[PDB]
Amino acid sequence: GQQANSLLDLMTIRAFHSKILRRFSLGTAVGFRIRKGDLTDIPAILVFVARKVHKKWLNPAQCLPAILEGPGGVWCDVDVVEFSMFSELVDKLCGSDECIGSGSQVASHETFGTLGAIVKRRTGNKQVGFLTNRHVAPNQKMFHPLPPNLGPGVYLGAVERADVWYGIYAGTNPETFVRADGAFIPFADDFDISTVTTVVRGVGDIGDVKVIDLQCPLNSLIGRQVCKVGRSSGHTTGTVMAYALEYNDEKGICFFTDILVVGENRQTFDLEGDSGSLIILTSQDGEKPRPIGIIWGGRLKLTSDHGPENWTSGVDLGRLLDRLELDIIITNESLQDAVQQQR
């Protein structure tokens, strides 16, 4: 009966008790216990409650336990958490730059956001396009910086358009369930890809996607510093606080997202319009920063001294690329290789 040591361990304990944990919680996630506002190294399932109160005011047997035991004697802690812009860089991202890349504004007749990454299809026509958040509203036409009806811009491409077993074994509410996801926009045939850069302007050259391994120690992901560059807030930095967040409505889970990020220094990590931004691990030892997710477009009580903070939903990048069968392009050389290999 060993203590949990990985994201998978926490996720199976959380799943094993999910039906009961939804009875007294708004949702759950996995990470490290947060105690007196500070991150611990104690693996835990984070339980989100509408209002966190002292034990004395809870009904008998309404107090969440401190420990949970899953299959095989693997155990973990239980942690209760309450769930209640103008710069040179932003100016370049929104249309004043001579190149298009990560951070650039992308807009349709219906939505607007940030271009996350330049990617290519692994198979088939091997088209070169970009990756951004999947908006929750088929042939949606993407322009930078604005669609024709609102102002000038070039046509980038159309969003590529693409379950019962979720409601069966995950207990999702089929009427309301949404899993945070990304979308692939292949570049239109007549779009000039020589105007594309693989650099992230506010950070610099990035390395290849950092795959989130669910069996490695938790401090590989939880507590890591990240940054993002988006059209609305420019450059911001945050911390990865949790993984595999489940959110609950009255009849089951209604929201899942892979990554939870909180901005540093009680500052918001993202604003509306930053959805699609690349979530990047900042470099701690001199290596190139590596992306881990995409921002997907409530407040979180972390300190008792200050008010609740905004939180950010992220899509696991490595699993997104696998699901869409895409490769990230991180050099101009790789990009020119990808372009000439389009069929």
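A residue's number is simply how far along the shown sequence it sits, counting from 1.
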Missing from the model but present in the deposited sequence, between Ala137 and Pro138:
4 to 9
Pick one of none, 1 to 3, 4 to 9 or 10 or more for the number of deposited-sequence residues not modelled between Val154 and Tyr155.
none
Which has higher Cα B-factors on average according to the PDB entry: 165-173 or 100-108?
165-173
Using only C-alpha atoms and the B-factors in the entry, which stretch averages higher, 22-30 or 299-307?
299-307
Take the CA temperature factors straight from the PDB entry and tell me which of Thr282, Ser277, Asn59, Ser313 peaks.
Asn59
According to the Cα B-factor stored in this entry, which of the following is highest: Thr114, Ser84, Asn219, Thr237?
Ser84
What third of the chain, by the recorded C-alpha B-factor, contains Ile42?
middle
Could you look up the Cα B-factor of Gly273 in the entry and say which third of the chain it sits in: lowest, middle or highest?
middle
State the tercile, meaning the lowest, middle or highest third, of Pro65 with respect to the CA B-factors recorded for its chain.
middle
Where does the C-alpha B-factor of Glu160 rank in its chain, lowest, middle or highest third?
highest
The third of the chain into which the C-alpha temperature factor of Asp192 falls is the middle
